[PDB]
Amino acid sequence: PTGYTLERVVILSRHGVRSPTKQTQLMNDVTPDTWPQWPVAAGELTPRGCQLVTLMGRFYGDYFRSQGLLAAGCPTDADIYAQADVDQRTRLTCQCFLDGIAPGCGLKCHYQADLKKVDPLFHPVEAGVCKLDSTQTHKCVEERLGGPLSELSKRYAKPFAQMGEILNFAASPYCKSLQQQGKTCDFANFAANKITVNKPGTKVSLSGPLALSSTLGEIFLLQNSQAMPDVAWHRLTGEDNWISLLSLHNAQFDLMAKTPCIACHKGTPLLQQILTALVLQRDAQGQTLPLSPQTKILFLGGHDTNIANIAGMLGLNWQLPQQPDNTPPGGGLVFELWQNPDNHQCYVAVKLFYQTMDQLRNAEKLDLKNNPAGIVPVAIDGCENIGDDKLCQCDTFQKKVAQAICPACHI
């Protein structure tokens, strides 16, 4: 392909750097050391996180103005529609994105007015739109894993041991308590890995060593991206060691968010919204936003779980050079609508836009030439994956979406 036009873009972005959501007794008990405190209330976007999102917004601006999808200077109000989930961290991310892609332009983000309820676009199962069946969910998650959860200790032996050494787990209150019971302090096996669906089927949670290690690995990465001086007690260094440690986090997201029998239910509203916005089908099912015919970019301010759900539904898999989290802070799953001017056949392309560990930690100015954001084209399962942009035919893509959705989970 050559000479195709970029007609429209949807950005499903993760929020930027946040403080940890929770500090449980388990998280304190698995290390003798003290977790460093954060300058912002639990779960909120940090000011540094906003600055990093704004830097990414400036890159998105340079990139799409180079393409021409965005004109020079301030975008209009019809050009960009930005919708955020109800969390503070997503709402502020959305505004910091606009401040970077349209600096001093006074663009405004939109969100569900009732902040005391989840937004079913981003959390339809939690919202009660559709329910998970526990029996089915245990069966199909084991099928995706390819064995019982007890195999995780062996599949991830080295990263689990690596995490225990970072935590100094052998000297921790939890280990001391295990030794009181005559058990050993094998961090990979400190407890069973367990999946629990709640009684109404509105929540599914993994707990145990993989879940904890995914949480703590993300915290270390957030510490690093926040530019904290002491990351993981200075016991985590080397890009090789970051990649292996965060493989626990990525594996947890694969199992609990990319498995289609969970992803289908949690991700159907977002997938319908992405699809209908990309082709600008303004009154199709799943198109809930007041999009103009002139819409050029739809920004969706969501979570790593949302990105992973969409990836599981579409069969997307990627690895990010110099970014060990597959769903990193402020990273965007970007959908492009490309059109052939000769016949007006359209195509869908998917890219993961992200900042590297150094780009985050050093708050680096991004630019098209010298220091661009990372951009990874992503192959789509069942798609034609044509050329450098891995293009999928519009009709092929719509067929895949139709097969992937759980239609009872629409809004």
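One rule holds for the numbers: they count along the sequence shown, beginning at 1.
According to the PDB record, 291 to 299 carries the higher mean C-alpha B-factor of the two stretches 115 to 123 and 291 to 299. The stretch 167 to 175 shows the higher mean C-alpha B-factor when 167 to 175 is compared against 243 to 251 in the entry. Out of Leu70, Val348, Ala41, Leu352, it is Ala41 whose C-alpha atom has the highest B-factor in the PDB entry. Comparing the C-alpha B-factors of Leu45, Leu368, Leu55, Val376 in the entry, the top value falls on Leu368. Among the modelled residues of its chain, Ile11 has a C-alpha B-factor that falls in the lowest third according to the deposited record.
Among the modelled residues of its chain, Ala404 has a C-alpha B-factor that falls in the middle third, as given in the PDB entry.
For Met357, the recorded CA temperature factor ranks within the highest third of the chain's modelled residues.
Sort the chain's modelled residues by C-alpha temperature factor and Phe335 lands in the lowest third, per the entry. Annotation for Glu142: C-alpha temperature factor in the middle third relative to the rest of the modelled chain, per the entry.
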